[PDB]
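Enquirer: Take this structure, written in structure tokens, and hold onto it; I'll ask about it next.
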Ligand SMILES: CC(C)CN(C[C@@H](O)[C@H](Cc1ccccc1)NC(=O)O[C@H]1CO[C@H]2OCC[C@H]21)S(=O)(=O)c1ccc([C@@H](O)CO)cc1
């Protein structure tokens, strides 16, 4: 799809078998989701944003479907204000910026 | 042009008579610029992201040139670690997400 930016680019994602809403975020290197139960092993990490740093649970090699496009990569889980899909997964679904 | 997301979507901008590097950021409602001494009136604002909130100064009807594309609108100035071009200006240069 071609997504204009007059509205927040929110899309439906599927992760851990559960549907969620997430923001396509070209300014995010990484994908950061709100607290949730995800199966598998994880390692604690720190990520920095506009307001400082937060502790997150890093899940590697996680299957995630974004608006009908499959991706498999790293998902950070922690107290983010919004579910953000970062470039690590945007590249996998072939997402580009165009003007 | 078309910008892939392998690396940060950094572009050159012109604002306040200065050239700067900034992110084309679909995850930002508004444009947020690193501290700079712009003339004119402003209004205090608080914006929140990963890590919490920062205090910024809101300037209205600021002219910004993004990759040769002219735009004019709201710019938030504060202690952000990066310059981000938000949707309020991305729409004005005809920027879309595509996959
Ligand atoms: C979290 C989003 C919902 C919101 N943010 C936009 C994001 O793109 C942000 C940009 C960014 C990139 C590098 C350093 C600091 C900030 N990226 C980010 O935090 O990424 C994290 C995860 O991956 C890593 O890579 C970079 C950092 C790590 S925000 O800047 O905080 C923000 C909040 C409110 C407004 C108002 O206009 C209302 O929207 C406008 C902008």
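Enquirer: Among the numbered conditions (1) in contact with a helix residue (DSSP H, G or I) (Cβ under 7 Å, 6 or more places away or on another chain); (2) within 10 Å of the ligand (Cβ to nearest atom), tell me where residue B:51 comes up short.
Expert: It fails just one condition, (1).
Enquirer: Does region A:39-48 contain at least one residue that is more than 7 Å from chain B (Cβ to nearest Cβ), within 10 Å of the ligand (Cβ to nearest atom) and more than 11 Å from the chain's Cα centre (by Cα)?
Expert: no
Enquirer: Among the candidates A:94, A:78, A:51, A:86, which residue alone is within 12 Å of chain B (Cβ to nearest Cβ) and farther than 23 Å from residue B:52 by Cβ?
Expert: Exactly one of A:94, A:78, A:51, A:86 is within 12 Å of chain B (Cβ to nearest Cβ) and farther than 23 Å from residue B:52 by Cβ, namely A:94.
Enquirer: Quick one: would you say residue A:26 is closer than 20 Å to residue B:4 by Cα, over 12 Å from the mean Cα position of the chain (by Cα) and either within 14 Å of the ligand (Cβ to nearest atom) or at the interface with another protein chain (Cβ under 7 Å from one of its Cβ atoms) (or both)?
Expert: no
Enquirer: I would also like to ask the following. Could you tell me which numbered condition residue A:1 fails, if it satisfies all but one of (1) in contact (Cβ under 8 Å) with a residue 24 or more places away in the chain; (2) within 13 Å of chain B (Cβ to nearest Cβ); (3) closer than 13 Å to residue A:83 by Cα?
Expert: Going through the list (1) in contact (Cβ under 8 Å) with a residue 24 or more places away in the chain; (2) within 13 Å of chain B (Cβ to nearest Cβ); (3) closer than 13 Å to residue A:83 by Cα, residue A:1 breaks only (3).
Neighbour counts are summed over all protein chains in view; Cβ atoms, including those assigned to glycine, are modelled from backbone coordinates with ideal geometry. Just so you know, all these numbers are worked out from the coordinates, no wet-lab data involved.
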